[PDB]
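Next up is one chain by itself, shown in structure tokens, the form deposited in one PDB entry.
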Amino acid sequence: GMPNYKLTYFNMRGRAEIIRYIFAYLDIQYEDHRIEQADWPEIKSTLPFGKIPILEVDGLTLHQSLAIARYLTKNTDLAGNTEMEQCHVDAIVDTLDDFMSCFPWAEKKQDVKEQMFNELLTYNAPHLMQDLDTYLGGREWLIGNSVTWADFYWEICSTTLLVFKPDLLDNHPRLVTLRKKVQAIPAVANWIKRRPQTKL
């Protein structure tokens, strides 16, 4: 029968949201298990690699958000059309994920965290937006002629960045249009309405 899916993460969009977008789009039912940060140290010790999100599939546990996303979209319409275009999908996702992963989300010294966040957003982020804007050009989606999970991840990552830097895309209307098109996808739009409201 249908596989039993259980996703575990904090009560945030964060690194789990790409998986949630994919489930919503593929109309796959799953348990959206959200754990509190105070109970994190105890469940961390029980995970093979001690990091989240994880996805349990019928008694087997998977990890790494992008590895999971690729697994769920393989042979679906969210994956690249050609094998070459699947490379471009992976490459755009990793380009976005490289940048998001540079932010010191877990830094314990608040002043150090603020300094790096501001540096990344004031200098690195505008250059990346310009590279993405040129890459997209006048095309409808980032890769190919139909939406892929790279388009999802662009909307998810740009939403995070816009929390810390609201003027990020003032000069990139085509990147904004792409965000709005992802958000307008019926399954995605429905998830955005009923998902728990969190800062990040």
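The term rigid core refers to the most C-alpha atoms you can superpose between the two forms while keeping them within 1.5 Å. Residue positions are given as counts along the sequence shown, with the first one as 1.
Colleague: Please compare 95 to 103 with 119 to 127 and name the stretch with the higher mean C-alpha B-factor in the deposited structure.
Modeller: According to the PDB entry, the answer is 119 to 127.
Colleague: Out of 6 to 14 and 178 to 186, which stretch has the higher average CA B-factor listed in the record?
Modeller: Per the PDB entry, the higher value belongs to 6 to 14.
Colleague: Report the option among 54, 161, 147, 38 whose CA atom has the maximum B-factor in the deposited record.
Modeller: That would be 38, according to the entry.
Colleague: Per the entry's Cα B factor values, which of 47, 157, 68, 143 stands out as the maximum?
Modeller: When the deposited C-alpha B-factors of 47, 157, 68, 143 are compared, 47 is largest.
Colleague: Is residue 58 in the lowest, middle or highest third of its chain when residues are ranked by C-alpha B-factor?
Modeller: It falls in the top third of the chain.
Colleague: Could you say whether, by C-alpha temperature factor, residue 31 belongs to the lowest, middle or highest third of its chain?
Modeller: CA B-factor rank for residue 31: highest third.
Colleague: Can you tell me whether residue 169 has a C-alpha B-factor in the lowest, middle or highest third compared with the other modelled residues of the same chain?
Modeller: For residue 169, the deposited C-alpha B-factor lands in the middle third.
Colleague: How does the C-alpha B factor of residue 77 compare with the rest of the chain: lowest, middle or highest third?
Modeller: Its C-alpha B-factor, which the entry lists for residue 77, ranks in the middle third among residues of this chain.
Colleague: Taking only the Cα B-factors deposited for this chain, tell me whether residue 90 sits in the lowest, middle or highest third.
Modeller: As the PDB entry reports it, the C-alpha B-factor of residue 90 lands in the lowest third of its chain.
Absent from the display: the form deposited in another entry. The rest refers to it.
Colleague: Taking the rigid core as the frame, does residue 127 move its C-alpha by 2 Å or more between the shown form and the other one?
Modeller: Shift of 2 Å or more: no.
Colleague: Comparing between the shown form and the other one on the rigid core, is the C-alpha shift at residue 75 2 Å or larger?
Modeller: No: residue 75 shifts by under 2 Å between the shown form and the other one.
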